[PDB]
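Everything below concerns the one structure shown next.
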Amino acid sequence: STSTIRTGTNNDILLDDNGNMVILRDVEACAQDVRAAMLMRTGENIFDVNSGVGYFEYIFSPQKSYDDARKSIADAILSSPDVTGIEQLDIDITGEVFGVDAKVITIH
Amino acid sequence: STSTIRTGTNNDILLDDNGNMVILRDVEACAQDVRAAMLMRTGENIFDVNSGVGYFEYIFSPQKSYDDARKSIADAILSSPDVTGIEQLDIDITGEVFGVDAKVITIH
Amino acid sequence: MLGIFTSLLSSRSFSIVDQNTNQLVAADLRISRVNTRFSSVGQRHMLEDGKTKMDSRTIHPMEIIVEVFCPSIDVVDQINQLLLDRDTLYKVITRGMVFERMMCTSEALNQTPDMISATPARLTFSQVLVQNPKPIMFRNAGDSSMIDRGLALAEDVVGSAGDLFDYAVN
Amino acid sequence: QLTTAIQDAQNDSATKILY
Amino acid sequence: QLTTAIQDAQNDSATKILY
Amino acid sequence: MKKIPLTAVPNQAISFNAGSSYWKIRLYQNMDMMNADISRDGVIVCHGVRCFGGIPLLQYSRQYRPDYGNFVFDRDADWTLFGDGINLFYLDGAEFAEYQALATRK
Amino acid sequence: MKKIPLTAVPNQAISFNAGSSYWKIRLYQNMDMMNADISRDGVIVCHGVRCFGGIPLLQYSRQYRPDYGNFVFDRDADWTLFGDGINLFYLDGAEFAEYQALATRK
Amino acid sequence: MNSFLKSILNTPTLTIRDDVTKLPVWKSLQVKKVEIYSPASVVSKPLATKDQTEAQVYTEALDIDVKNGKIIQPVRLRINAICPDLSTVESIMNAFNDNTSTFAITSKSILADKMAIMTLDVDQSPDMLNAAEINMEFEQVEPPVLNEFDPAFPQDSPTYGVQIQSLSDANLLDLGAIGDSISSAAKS
Amino acid sequence: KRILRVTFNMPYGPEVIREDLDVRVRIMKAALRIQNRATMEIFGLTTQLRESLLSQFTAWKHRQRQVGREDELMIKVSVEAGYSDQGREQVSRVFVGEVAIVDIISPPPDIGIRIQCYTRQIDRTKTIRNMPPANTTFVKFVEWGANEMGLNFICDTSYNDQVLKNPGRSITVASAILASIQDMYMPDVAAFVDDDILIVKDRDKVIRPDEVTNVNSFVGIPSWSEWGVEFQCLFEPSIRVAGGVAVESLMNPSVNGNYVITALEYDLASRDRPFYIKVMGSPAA
Amino acid sequence: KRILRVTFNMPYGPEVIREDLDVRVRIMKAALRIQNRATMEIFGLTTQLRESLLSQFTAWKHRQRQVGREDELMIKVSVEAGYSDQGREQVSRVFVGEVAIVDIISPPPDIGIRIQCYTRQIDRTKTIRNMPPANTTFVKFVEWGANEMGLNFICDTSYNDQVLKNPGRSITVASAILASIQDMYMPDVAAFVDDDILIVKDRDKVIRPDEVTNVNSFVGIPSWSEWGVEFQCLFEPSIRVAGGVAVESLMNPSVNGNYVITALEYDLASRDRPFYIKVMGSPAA
């Protein structure tokens, strides 16, 4: 049963109306954790390093094949607890947009 | 050798002319038991829970295939003692009737 | 085979349902052939006079082999997750033939010039034999049968009775 | 096999008195 | 075959039972 | 002080050698509380002991004397939170005497 | 009082250690009744004992004395209902003495 | 090709009965091939011979040695059929899963009896959308040795010695001999 | 349809392991001083069952601790094997003894245990509570030994009325009693313990003249030996040790006769071919 | 064409079991006090031959009966093995001893016995008829032992003219004589019995120096060992126990030299591949 502090789109601790910290559990907590994990560049953990998405070696670079980017994103999604797998992972490329869509099948 | 109290279509103990309880045995008892076991929704037995026919998740629902309904009916029929197997079973669906016919091959 | 008159023009044939959470998995597989082979062994015992008593019969676990085409990468990844999934038993409904307690044993993906978009795959499941295929459960939380844990070898802390008291006070 | 016999031989030589 | 060696570690029994 | 390991199932029984004695505790959900049956060295010490936080399980002297020890729940017994949140602690004679001396003047 | 399991077989022989004696009872259907050949410690004791409900199989004193015990049928012997409905019970010396005292003043 | 015009004493009808109930089981099981393998085992090492004896006294000795030197292995069938109905297949799988199952397979003219299922293959292929191709294997549990035996009546049966070991004490509403006496005096 | 049960005895109760699990019991009983042994390979154990069984089976609490005055020091397990068809059972008893060793033979994905049970492994007894007779006859010394071990006795021999001086005052434990009764008078009369019955009899006599077992069906061939007739058979729940056999063979016509049993080789596998018992027998007198 | 015969001795006469029947003889001999062993598996026995042999082989009539004063108590069997081509034979003798054990390994359809013989299994001899010497030399004690056993002797040692006070009056039966001769002076001089000849000699000396066996062809490779050279060879009817060997190898040039024999492992199978003898040898002095 995952649980996480409530954060806004600015990725900062967002409090409630009474000035407390909200602890989301299960589905919403897992969704927020997945969104936060997909925004972490590789080599940003002093205590994991090899964890994180390849935003500068697989994406944003003249990479021949985006299968490595797909694998890195899949690993980042699966790294979150209670994720099990991914039902669908679209890696569509627009003119200058790297559109990624996930269909996580988290156990909750 | 099965033996059950005699009951009518209203599924209550219906006594004889002299106010006694008749205990049917062998084929009649097996037939009564099969009819009773096919009319019991699942989750009604507090001591089995999983036993019973899925009249609400396998029948009476907007499903794709009624294979689960046939499996549930077959399991419910086989659960009765001295039934061995089912010779023939129909899952006919009329306009609004879920016609089921069985040919139990109980040994007696 | 016949036995059921669905009278519906959109019935799905194959279904791999996760037994827990009761969810479809790998719903985009394009199945091509399914072989649900059983197995059992006799105990032929030759004895004295020209004769052989077979004794009893042991039911070996079911094997089921599914040939399929995976059209998409997410489906291939779902198949890989099925193989790597060691904690769930699946239920395979091929054609009016339901098999519970089914676990993926093998999988072979094939990539050939004969098919560049999709990938042929040969899944293989084996059934998990259980002592009681029909278990007995209880609805309410009070009435479980008792579970023994045997010897424990109680481990150690240093907290003193004062801390336990203060905790009980709070 | 022989490990069973070894285990048997060991169990023979266990009694309740050290000397 | 350890069975032949078992059968060999039995021959040490003469007519004397001495007993 | 030793916390006896527990698993989150409703009705259960654990046996162990603690304090130079062979204890066995059977914990089961009875209605809305938890009851415990305690046996030491085979013979049964008590049946149907209602379990509460801080309050010792062996409630009468004839059971925990001499220096036999006692079992205490930090919080009210709850098999849903066994292992993660609620632990049962075993105290030997000296620790339990100190706990009693503390607890009688609260 | 010890219950001796039976088998729904028209003719059988049951062999057991009961009451510090080794009994062997061969029960067979004879015409329209059941007869029993009883042997203790190898040597035969009686042959063709007509069997009934409540009447001890070993009738005469020197067969059940001293404290040898006896065998009693709850109902009239019938191999079709053996095991479920009819049971044969073994009584030691004291139990058979108390049963005899009870049945000598019916 | 009128297939209903079957022979009278060599009728090609596979009839799988059931030795317990003697009823035809798994009807509507259109058969496509039946192969009956009946193996045996003969001596491999050279038999000894004792010559310099007479005519016809060597003959029965050799006959006994020969009758002593072959072992008959049970019969197997391999039926290939096409099941049109789900009921037949569910019954076949249930019978296979049942540990205790003896049947009597009757081919064109064979009456192979006391036969149990060893293997069962159900193949569903895109060329047989309805029905499924089935391949079953049968093995003889026991050859039809003629039980001469002491029949027809419950008496006259041989003694079967059930060597019991430990007698249980008692149960029900019994208090020793007074309980026994009350139960007996109830005349029930 | 083979039916094999391994019934333990633990504080919770008897936890019967049925034949549905892969079980394989190899027992070897004989008419000697040595404890008859049973090796048990049991597969398909769950985590809870393993915790319940293996943790109870231990060699501690009597060497580095005390926790011992009577039974419950080590778990006693019995074996009930037989056949079952048409609804009738044939479950006899084929072994009663206490475990001594436990190991694992098969690693995952099938965690299979292998325990080793020996009959009368409660030699951790009260170091002979009652003193042996000072002067006494053989039958009375046998009765004392049976009383000390707690087992009923069958003493049928021609050496009963022979006096002994100091019959077993060097005995240290209950198990050594059987070794002593075996030690004296060992041309023929070898005493042993079959299940819970201590048998002291001559080697050429049947414990039970009325319990001869007529044998006509054998697996393989009933053969000769340097002592008597040796033959294997399918499991018959009426063949004990030291019992009388009435071999009536077909392949070997001259091995027919009446024999007593000296050894026994049970090999029972519910989920495997071997379900045979091998009998060593000697001519009976 | 291998030619292997097992020749029994029974009241009817010798019944030679030829190589046409499937025979497998494993003989293991050594320069020890231990009786050399022969395990022979014979298949293809007729019912009559089985009844004529196995019935005679027994361990009774000397324990529960008397029927004994001399030989004919147990059947003495010899083994004659060799090669044969162009009409000439090479059948030497490789074992002489009495049967001790009878069993069947292979059940029908090939009823094949397996019998176990030891050399000098007449240990139940006339409980030492002639008293051992009071005070004598080693050679004369050896002569007394050989005379008592009835076997001719080869005594070649440097310890012969050593007086022994009191050489072996604790001996109970004839067999223990060899154990005693082995017990005294046992760093090197170990006495044994090869066939019907009792050999007492130093371990580094050869019985017959003129009878060295030049060996040039081996099976495998003649390898080193703790003591000397060990090697396997095809059956040569000229290699005995404790004989002299003149190994001349090719694969291993360092093992060349003269060796005496200590252990011999015959494995002769008429209808199977193994027809080799394995030789343990030590440096000869």
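Chain labels A, B, ... are given in the sequence in which chains occur in the structure tokens; within each chain residues are numbered consecutively from 1, and ligands are likewise numbered from 1 in the order shown.
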
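Once residue 49 in chain F and its same-chain neighbours fewer than 6 positions away are set aside, residues 34, 35, 36, 37, 38, 57, 58 and 59 of chain F remain within 9 Å of it when counting only C-alpha atoms.
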
Dump as an mmCIF file, in the first residue's frame, selection limited to N, CA, C and O atoms:
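Saved the output as result-v8.cif:
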data_model
loop_
_atom_site.group_PDB
_atom_site.id
_atom_site.type_symbol
_atom_site.label_atom_id
_atom_site.label_comp_id
_atom_site.auth_asym_id
_atom_site.auth_seq_id
_atom_site.Cartn_x
_atom_site.Cartn_y
_atom_site.Cartn_z
ATOM 1 N N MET F 34 -9.696 -9.561 20.972
ATOM 2 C CA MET F 34 -8.802 -10.687 20.750
ATOM 3 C C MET F 34 -8.626 -11.449 22.053
ATOM 4 O O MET F 34 -8.364 -10.846 23.097
ATOM 5 N N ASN F 35 -8.769 -12.765 21.989
ATOM 6 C CA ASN F 35 -8.581 -13.635 23.135
ATOM 7 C C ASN F 35 -7.307 -14.447 22.949
ATOM 8 O O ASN F 35 -6.891 -14.731 21.822
ATOM 9 N N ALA F 36 -6.682 -14.810 24.063
ATOM 10 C CA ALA F 36 -5.432 -15.553 24.037
ATOM 11 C C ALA F 36 -5.500 -16.705 25.024
ATOM 12 O O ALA F 36 -5.951 -16.531 26.160
ATOM 13 N N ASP F 37 -5.056 -17.875 24.582
ATOM 14 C CA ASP F 37 -4.893 -19.046 25.432
ATOM 15 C C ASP F 37 -3.402 -19.287 25.607
ATOM 16 O O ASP F 37 -2.678 -19.440 24.619
ATOM 17 N N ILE F 38 -2.946 -19.323 26.854
ATOM 18 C CA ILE F 38 -1.526 -19.406 27.169
ATOM 19 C C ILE F 38 -1.259 -20.729 27.868
ATOM 20 O O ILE F 38 -1.979 -21.101 28.802
ATOM 21 N N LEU F 57 -1.059 -10.130 30.146
ATOM 22 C CA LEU F 57 -1.946 -11.237 29.804
ATOM 23 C C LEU F 57 -2.174 -12.152 31.000
ATOM 24 O O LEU F 57 -3.315 -12.516 31.306
ATOM 25 N N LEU F 58 -1.104 -12.532 31.692
ATOM 26 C CA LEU F 58 -1.219 -13.371 32.881
ATOM 27 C C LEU F 58 -1.577 -12.469 34.053
ATOM 28 O O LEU F 58 -0.710 -11.840 34.662
ATOM 29 N N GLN F 59 -2.867 -12.407 34.369
ATOM 30 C CA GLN F 59 -3.406 -11.400 35.270
ATOM 31 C C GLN F 59 -3.399 -11.814 36.734
ATOM 32 O O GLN F 59 -3.672 -10.972 37.596
#

Neighbour list for residue 209 in chain I as a list in words, cut-off 12 Å, only C-alpha atoms, skip fewer than 4 positions in-chain: residues 39, 41, 42, 43 and 44 of chain G; 156, 204, 205, 213, 242, 243, 244, 245, 246, 258, 259, 260, 284 and 285 of chain I

Distance-based interface of chain I with chain C, 10 Å, counting only C-alpha atoms, as a PyMOL selection string: chain I and resi 1-3+10-12+18-21+44+47-57+83-84+216-222+232-234+249-252+270-276

Compute the chain G side of the contact with chain I at 12 Å, counting only C-alpha atoms, and hand it back as an MDAnalysis selection string. chainID G and resid 5:9 13:26 38:44 83

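Sharing one sequence, chain E and chain D superpose at an RMSD of 2.0 Å, with all Cα atoms paired in order.
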
Determine which residues of chain J sit within 8 Å of chain I, taking into account only C-alpha atoms, and present them as a PyMOL selection string. chain J and resi 47+51+54-55+57-60+63+100-104+107-108+111

For residue 18 in chain D, please output as a PDB file with C-alpha atoms, in the first residue's frame all residues within 12 Å (counting only C-alpha atoms; exclusion window: fewer than 6 positions along the same chain).
ATOM      1  CA  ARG I  63      21.860 -31.142  25.008  1.00  0.00           C
ATOM      2  CA  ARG I 124      16.439 -40.585  26.036  1.00  0.00           C
ATOM      3  CA  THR I 172      22.542 -47.465  30.802  1.00  0.00           C
ATOM      4  CA  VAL I 173      19.311 -46.654  28.933  1.00  0.00           C
TER       5      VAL I 173
END

Could you write out as an NGL selection string the residues of chain C within 9 Å of chain A, counting only C-alpha atoms? :C and (21 or 25-26 or 73-75 or 77-78 or 81 or 85)

Create the file for the chosen residues now, containing N, CA and C atoms and written as a CSV table (one decimal), in the first residue's frame.
chain,number,residue,atom,x,y,z
C,21,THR,N,-7.7,-10.3,-9.0
C,21,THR,CA,-8.1,-9.0,-9.6
C,21,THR,C,-9.0,-9.2,-10.8
C,25,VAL,N,-5.5,-10.0,-19.5
C,25,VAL,CA,-4.1,-9.7,-19.8
C,25,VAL,C,-3.7,-10.2,-21.2
C,26,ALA,N,-2.9,-9.4,-21.8
C,26,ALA,CA,-2.5,-9.6,-23.2
C,26,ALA,C,-3.7,-9.8,-24.1
C,73,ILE,N,4.5,-4.0,-29.7
C,73,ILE,CA,5.6,-4.1,-28.7
C,73,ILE,C,5.1,-4.2,-27.3
C,74,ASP,N,4.0,-3.5,-27.0
C,74,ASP,CA,3.4,-3.5,-25.7
C,74,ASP,C,2.8,-4.9,-25.4
C,75,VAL,N,2.3,-5.6,-26.4
C,75,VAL,CA,1.8,-7.0,-26.2
C,75,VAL,C,3.0,-7.9,-26.0
C,77,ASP,N,5.8,-7.1,-24.6
C,77,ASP,CA,6.2,-6.8,-23.2
C,77,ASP,C,5.3,-7.4,-22.2
C,78,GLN,N,4.0,-7.4,-22.5
C,78,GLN,CA,3.0,-8.1,-21.6
C,78,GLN,C,3.3,-9.6,-21.5
C,81,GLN,N,6.2,-10.0,-19.3
C,81,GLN,CA,5.8,-9.8,-17.9
C,81,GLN,C,5.0,-11.1,-17.4
C,85,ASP,N,6.2,-13.2,-14.3
C,85,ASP,CA,5.2,-13.1,-13.3
C,85,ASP,C,5.1,-14.4,-12.5

Write out as an MDAnalysis selection string the residues lying within 12 Å of range 46-55 of chain B, counting only C-alpha atoms and excluding same-chain residues fewer than 5 positions away. (chainID B and resid 34:41 60:61 66:80 98) or (chainID C and resid 133:145)

For the selection you just gave me, I'd like the residues written to a file as a compact mmCIF listing (two decimals), in the first residue's frame, keeping N, CA, C and O atoms.
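Wrote again-v1.txt, looks like this:
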# COMPACT_ATOMS: atom_id res chain seq x y z
N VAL B 34 -29.74 -31.78 -6.92
CA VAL B 34 -29.25 -31.03 -8.08
C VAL B 34 -30.11 -29.79 -8.32
O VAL B 34 -29.59 -28.69 -8.55
N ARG B 35 -31.43 -29.95 -8.25
CA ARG B 35 -32.31 -28.80 -8.43
C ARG B 35 -32.07 -27.75 -7.36
O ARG B 35 -32.09 -26.54 -7.65
N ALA B 36 -31.84 -28.17 -6.12
CA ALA B 36 -31.59 -27.22 -5.05
C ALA B 36 -30.24 -26.53 -5.23
O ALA B 36 -30.12 -25.32 -4.99
N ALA B 37 -29.21 -27.28 -5.64
CA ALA B 37 -27.88 -26.71 -5.78
C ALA B 37 -27.76 -25.80 -6.99
O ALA B 37 -26.86 -24.95 -7.02
N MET B 38 -28.63 -25.95 -7.98
CA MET B 38 -28.60 -25.05 -9.12
C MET B 38 -29.35 -23.74 -8.87
O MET B 38 -29.26 -22.83 -9.70
N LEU B 39 -30.08 -23.62 -7.77
CA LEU B 39 -30.85 -22.43 -7.46
C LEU B 39 -30.19 -21.55 -6.41
O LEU B 39 -30.82 -20.61 -5.92
N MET B 40 -28.94 -21.83 -6.05
CA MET B 40 -28.26 -21.13 -4.96
C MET B 40 -27.22 -20.18 -5.54
O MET B 40 -26.28 -20.63 -6.21
N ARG B 41 -27.38 -18.89 -5.27
CA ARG B 41 -26.40 -17.90 -5.68
C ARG B 41 -25.10 -18.09 -4.91
O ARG B 41 -25.09 -18.53 -3.76
N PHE B 60 -26.88 -13.04 -16.07
CA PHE B 60 -27.59 -11.80 -15.75
C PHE B 60 -26.71 -10.56 -15.88
O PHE B 60 -27.03 -9.51 -15.32
N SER B 61 -25.61 -10.66 -16.62
CA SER B 61 -24.69 -9.55 -16.79
C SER B 61 -24.36 -9.37 -18.26
O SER B 61 -24.47 -10.32 -19.05
N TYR B 66 -20.45 -16.80 -22.53
CA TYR B 66 -21.11 -17.46 -21.41
C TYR B 66 -20.41 -18.76 -21.02
O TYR B 66 -21.00 -19.63 -20.37
N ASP B 67 -19.14 -18.88 -21.41
CA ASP B 67 -18.33 -20.03 -21.03
C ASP B 67 -18.20 -20.14 -19.52
O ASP B 67 -18.27 -21.24 -18.96
N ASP B 68 -18.02 -19.00 -18.85
CA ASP B 68 -17.96 -18.99 -17.39
C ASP B 68 -19.28 -19.43 -16.79
O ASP B 68 -19.30 -20.13 -15.77
N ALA B 69 -20.40 -19.03 -17.39
CA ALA B 69 -21.70 -19.47 -16.90
C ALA B 69 -21.84 -20.99 -17.01
O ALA B 69 -22.30 -21.64 -16.06
N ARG B 70 -21.45 -21.56 -18.15
CA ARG B 70 -21.52 -23.01 -18.29
C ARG B 70 -20.61 -23.70 -17.29
O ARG B 70 -20.99 -24.71 -16.69
N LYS B 71 -19.40 -23.17 -17.08
CA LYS B 71 -18.48 -23.77 -16.12
C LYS B 71 -19.05 -23.72 -14.71
O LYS B 71 -18.94 -24.70 -13.96
N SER B 72 -19.65 -22.60 -14.33
CA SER B 72 -20.22 -22.47 -12.99
C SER B 72 -21.38 -23.44 -12.79
O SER B 72 -21.48 -24.08 -11.74
N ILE B 73 -22.25 -23.57 -13.79
CA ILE B 73 -23.37 -24.50 -13.67
C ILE B 73 -22.86 -25.94 -13.57
O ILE B 73 -23.35 -26.73 -12.76
N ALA B 74 -21.86 -26.29 -14.38
CA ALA B 74 -21.30 -27.63 -14.33
C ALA B 74 -20.67 -27.92 -12.97
O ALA B 74 -20.85 -29.01 -12.41
N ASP B 75 -19.93 -26.95 -12.42
CA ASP B 75 -19.33 -27.13 -11.11
C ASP B 75 -20.39 -27.30 -10.03
O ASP B 75 -20.25 -28.15 -9.14
N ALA B 76 -21.44 -26.49 -10.08
CA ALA B 76 -22.51 -26.60 -9.10
C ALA B 76 -23.19 -27.96 -9.18
O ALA B 76 -23.51 -28.57 -8.15
N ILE B 77 -23.42 -28.46 -10.40
CA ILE B 77 -24.03 -29.77 -10.55
C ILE B 77 -23.11 -30.86 -10.01
O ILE B 77 -23.56 -31.78 -9.31
N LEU B 78 -21.82 -30.78 -10.33
CA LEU B 78 -20.88 -31.81 -9.89
C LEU B 78 -20.64 -31.77 -8.39
O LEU B 78 -20.25 -32.79 -7.81
N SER B 79 -20.87 -30.63 -7.74
CA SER B 79 -20.63 -30.54 -6.30
C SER B 79 -21.55 -31.47 -5.51
O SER B 79 -21.19 -31.90 -4.42
N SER B 80 -22.73 -31.77 -6.05
CA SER B 80 -23.65 -32.64 -5.34
C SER B 80 -23.09 -34.06 -5.26
O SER B 80 -22.41 -34.52 -6.19
N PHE B 98 -32.63 -17.60 -20.46
CA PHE B 98 -31.36 -18.31 -20.39
C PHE B 98 -31.61 -19.79 -20.12
O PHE B 98 -31.36 -20.31 -19.03
N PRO C 133 -8.50 -29.02 -5.17
CA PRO C 133 -8.90 -28.04 -6.19
C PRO C 133 -10.07 -27.18 -5.77
O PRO C 133 -10.23 -26.06 -6.28
N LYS C 134 -10.91 -27.65 -4.85
CA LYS C 134 -12.07 -26.91 -4.36
C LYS C 134 -11.88 -26.65 -2.87
O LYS C 134 -12.28 -27.47 -2.03
N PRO C 135 -11.29 -25.52 -2.50
CA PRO C 135 -11.04 -25.23 -1.09
C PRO C 135 -12.30 -24.73 -0.39
O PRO C 135 -13.28 -24.32 -1.01
N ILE C 136 -12.24 -24.77 0.94
CA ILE C 136 -13.33 -24.36 1.81
C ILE C 136 -12.92 -23.07 2.52
O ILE C 136 -11.88 -23.04 3.19
N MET C 137 -13.73 -22.03 2.37
CA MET C 137 -13.45 -20.71 2.93
C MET C 137 -14.54 -20.32 3.92
O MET C 137 -15.50 -21.06 4.14
N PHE C 138 -14.39 -19.14 4.53
CA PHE C 138 -15.36 -18.63 5.49
C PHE C 138 -15.58 -17.14 5.27
O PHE C 138 -14.63 -16.41 4.97
N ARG C 139 -16.83 -16.70 5.41
CA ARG C 139 -17.18 -15.34 5.03
C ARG C 139 -16.65 -14.32 6.03
O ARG C 139 -16.07 -13.30 5.64
N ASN C 140 -16.84 -14.57 7.32
CA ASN C 140 -16.59 -13.57 8.35
C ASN C 140 -15.23 -13.79 8.97
O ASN C 140 -14.70 -14.90 8.97
N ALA C 141 -14.66 -12.72 9.52
CA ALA C 141 -13.26 -12.72 9.94
C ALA C 141 -13.01 -13.49 11.23
O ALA C 141 -11.84 -13.72 11.57
N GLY C 142 -14.05 -13.89 11.96
CA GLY C 142 -13.83 -14.52 13.25
C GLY C 142 -13.36 -15.97 13.16
O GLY C 142 -12.56 -16.42 13.98
N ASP C 143 -13.85 -16.71 12.17
CA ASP C 143 -13.91 -18.16 12.25
C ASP C 143 -12.89 -18.89 11.37
O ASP C 143 -13.23 -19.91 10.76
N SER C 144 -11.65 -18.40 11.30
CA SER C 144 -10.60 -19.16 10.63
C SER C 144 -10.20 -20.38 11.44
O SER C 144 -10.30 -20.39 12.67
N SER C 145 -9.74 -21.42 10.74
CA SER C 145 -8.99 -22.46 11.42
C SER C 145 -7.65 -21.91 11.87
O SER C 145 -7.07 -21.03 11.23

Can you pull out every residue from range 1-105 of chain G that DSSP, working from the backbone, puts in strand (DSSP E), and format the result as a ChimeraX atom specification? /G:2-4,11-17,22-30,33-40,43-50,70-73,88-91

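The closest residue to chain H, picked from B:97, B:5, B:14, B:83 and counting only C-alpha atoms, is B:83.
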
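Between CA of residue 101 in chain C and CA of residue 64 in chain C there is a distance of 12.0 Å.
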
Fewer than 4 positions away in the same chain doesn't count, so skip those; otherwise give me all residues within 9 Å of residue 81 in chain A, counting only C-alpha atoms, as a PyMOL selection string. chain A and resi 1-2+30+33+106

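With only C-alpha atoms taken into account, the protein and nucleic acid residues at most 12 Å from residue 7 in chain D (excluding it and anything under 2 positions from it in its own chain) are residues 1, 2, 3, 4, 5, 9, 10, 11, 12, 13 and 14 of chain D; 37, 38, 39, 100, 101, 102, 103, 115, 116, 117 and 118 of chain I.
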
Please produce a file of the residues just selected, as a CSV table (one decimal), in the first residue's frame, where the atoms kept are C-alpha atoms.
chain,number,residue,atom,x,y,z
D,1,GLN,CA,22.2,-45.2,-1.1
D,2,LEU,CA,25.1,-45.0,1.2
D,3,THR,CA,24.4,-41.7,2.9
D,4,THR,CA,21.3,-43.3,4.5
D,5,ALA,CA,23.5,-46.1,5.9
D,9,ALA,CA,25.4,-45.8,11.7
D,10,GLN,CA,25.6,-42.4,13.4
D,11,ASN,CA,22.2,-42.8,15.0
D,12,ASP,CA,23.3,-46.2,16.4
D,13,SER,CA,26.0,-44.5,18.4
D,14,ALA,CA,23.8,-42.0,20.3
I,37,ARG,CA,14.3,-47.5,10.0
I,38,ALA,CA,12.1,-45.5,7.6
I,39,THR,CA,13.3,-42.8,5.2
I,100,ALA,CA,16.1,-38.2,14.2
I,101,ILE,CA,17.4,-36.5,11.0
I,102,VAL,CA,15.9,-34.1,8.5
I,103,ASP,CA,17.4,-32.8,5.3
I,115,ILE,CA,13.2,-37.2,7.2
I,116,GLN,CA,14.6,-40.3,8.9
I,117,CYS,CA,12.5,-42.0,11.5
I,118,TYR,CA,13.7,-44.9,13.8

Need the shell around residue 98 in chain F: protein/DNA/RNA residues with any atom at most 10 Å away, counting only C-alpha atoms. Skip same-chain ones fewer than 4 positions apart. Format as a ChimeraX atom specification? /C:160-162 /F:91,93-94,102-103

Atom-to-atom span, CA of residue 97 in chain G and CA of residue 52 in chain G, Å: 18.9 Å

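Our summary of the geometry notes that CA of residue 121 in chain I is positioned 8.9 Å from CA of residue 76 in chain I.
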
Select all residues from chain I having any atom no more than 9 Å from an atom of chain E (counting only C-alpha atoms, ignoring ligands), output as a PyMOL selection string. chain I and resi 183-187

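Comparing the minimum interatomic distances between residue 156 in chain H and each of G:51, G:31, G:88, G:4, counting only C-alpha atoms, we find that G:31 sits nearest.
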